[PDB]
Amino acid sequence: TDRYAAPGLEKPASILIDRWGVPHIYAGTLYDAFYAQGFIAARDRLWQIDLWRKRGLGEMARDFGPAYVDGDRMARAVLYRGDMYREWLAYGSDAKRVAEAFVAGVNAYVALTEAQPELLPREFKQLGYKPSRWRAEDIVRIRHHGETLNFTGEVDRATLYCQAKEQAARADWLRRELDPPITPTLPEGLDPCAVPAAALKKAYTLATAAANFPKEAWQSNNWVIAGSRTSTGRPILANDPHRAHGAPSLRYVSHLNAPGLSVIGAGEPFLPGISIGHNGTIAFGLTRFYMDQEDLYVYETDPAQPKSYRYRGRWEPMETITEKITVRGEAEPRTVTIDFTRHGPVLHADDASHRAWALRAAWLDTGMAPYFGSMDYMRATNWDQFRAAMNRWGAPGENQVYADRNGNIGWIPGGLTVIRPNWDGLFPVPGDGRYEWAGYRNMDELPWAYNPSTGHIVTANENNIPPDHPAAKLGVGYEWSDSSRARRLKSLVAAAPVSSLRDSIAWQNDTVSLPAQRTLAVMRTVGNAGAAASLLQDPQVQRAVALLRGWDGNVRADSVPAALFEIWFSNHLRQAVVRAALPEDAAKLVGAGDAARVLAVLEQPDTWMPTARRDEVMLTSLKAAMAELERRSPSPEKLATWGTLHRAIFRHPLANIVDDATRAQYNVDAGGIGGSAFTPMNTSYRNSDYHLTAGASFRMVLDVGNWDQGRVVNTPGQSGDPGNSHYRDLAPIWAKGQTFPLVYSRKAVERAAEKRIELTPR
């Protein structure tokens, strides 16, 4: 039992950490609960939360040196700079006191690491610096880690239209699925060749990428099921968000108890509160809903004054801010400037062509600190209060599923939603006033559902705006995720008239790939005719065909056909289809293109290429995939299974700049894993070596109303301290598709407690 002084804490508080590393906080005041959460989040994740803050405020170079200056400048270009009075009120009514209590608890732990250097996280010693003190405003001013779009897609679409000319619409059709499948129209007044992709992406990456430590510088699914369809008779609510994997993990599980507060679940460890989980009356989980929140604005600048741009027939001056960037090893801070138009920060300027480009990012406006709208539903007790809280949900765009212990279930999407009167938001626009956001939509303009006749709701990042609903015409967004996971889960959930918690856990682990099944179906139609017939004479081609013939499209870790297919579908087939459908230079820009759109061509190639050419492309690329699989196997006769290639290594940010012995302790190797980006058990990978990069780390399946029966997992662990056994103890549970209890009642928490922490006001 540890006992710590707690300056700023109002009343004594206790923390019971259970055997799986989940902290259970018991405070005597509402706001004391958030003090303890900040203290406990620092205890487990101080380096991580300090790193997020350092990156967000543009303070990296202060300790990491001159290579980080450009990233610090761009980070400050995308901090919230609006009115703070409005900002605090955007999230609910007491967000400022919550944030103030939280950072006081963080700062208490920081002070403790100065008093007791054995408590300082290893990474600080590894890099030669110390944790910083926090201010409440830091919590809401940092924005750039929020999931968002579509600045990058606008640049890519414009670049393709500039390069592909008359083939642009066909090439863009293969590059990116739109839903609904509208025809993009170049905005009047846009020259798509006046969009320098490399410079813009570089500036955008410097402004938004997570903290990175390169060698050079150092040399989702959710668903809710009504009780009439569950084995318990109570609702079941499940959620597994799909995000970057790493050690430590993106999210952290915790439990807050105080007078007026009883919430348990997950969130990013630097944010106060809980955004996925339940409060003993309602439960909630989320998946991305893609309202378009970024537009690239293109300006003409005055030749006599490059800091002025044309706006409504007048030269309008940019606002220029000066920032001081402290650099390790330099006595004076660097003085840098950042220019802003009336629409946002200038990412790039070209005085040769008298042009500038600014990011018009809705996430720089009030209320867009990611997930912090949960302030207003952590204490909601019914649907009216949950729907009300979602009225002010800012970022990221999300589908919320809802259930309560009275048996109700529901769905409401939310997020700051831009009105574009005269463009679709799919291309950059002239910034001279012809294209202006008309305001934001009220959330009651979006569809929603409450106790639907079906008795179940599934969302999985697909466009779920009903085509006959008025919102289908409002330009909410046209760029959604591949819909395979949604279709697969919708099939499974509708096909089970009675299902249990065990069944929902299994669905989160489902590895059937609808792209695989559809590709297999196309293969059965390949004609033994034209050049394809000769290719079927290749022993290597016939070897691959044999593997696929006896496969059901289940992307299992122990499956050799699955390995062949994932190699083929990611690195061979689609690039070959695109190259056979487009001129060479548009094909190079499109690459593997959009899986859904390429699948459509494979199934109906008529207007793209002769069916015989389709067949030839499939078998030629399949041969190359088989060659690669053999190349990657122990021998060409003992072939690698998918799991042999698809390694689940949770990588630490410093892995590439430390030695082998140190890397082995920072990284967490969980072995081989099944699945792909397109299976409900999402295990997206990088194409170089098929290693895991993204998917569900935190997973949750709740018995809504019998709370102690809830199940969760996280990975690789609850602790961010490599010397703590909770750093890596959850990864095997996750690797087996298993869970541990989400204990909630006082008796269950006591039964599960392994350590007690006592905080005393001082």
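One rule holds for the numbers: they count along the sequence shown, beginning at 1.
According to the record, 10 or more deposited residues between residue 219 and residue 220 are left without atomic coordinates. Relative to one another, 643-651 and 297-305 have unequal mean CA B-factors, and 297-305 is the one with the higher figure. Per the PDB record, of the two stretches 96-104 and 573-581, 573-581 carries the greater mean B-factor over its C-alpha atoms.
Highest C-alpha temperature factor among 484, 442, 116, 504 per the entry: 116. Listed residues 556, 144, 255, 488 were ranked by CA B-factor as deposited; 556 comes out on top.
When the CA B factors of the chain's modelled residues are split into thirds, the value for residue 738 lands in the lowest one. Sort the modelled residues of the chain by CA B factor and residue 724 lands in the middle third. Residue 55 sits in the lowest third of its chain by CA B factor, as recorded in the PDB entry. Sort the modelled residues of the chain by CA B factor and residue 360 lands in the lowest third. Looking at the C-alpha B-factors along this chain, the one for residue 706 belongs to the highest third.
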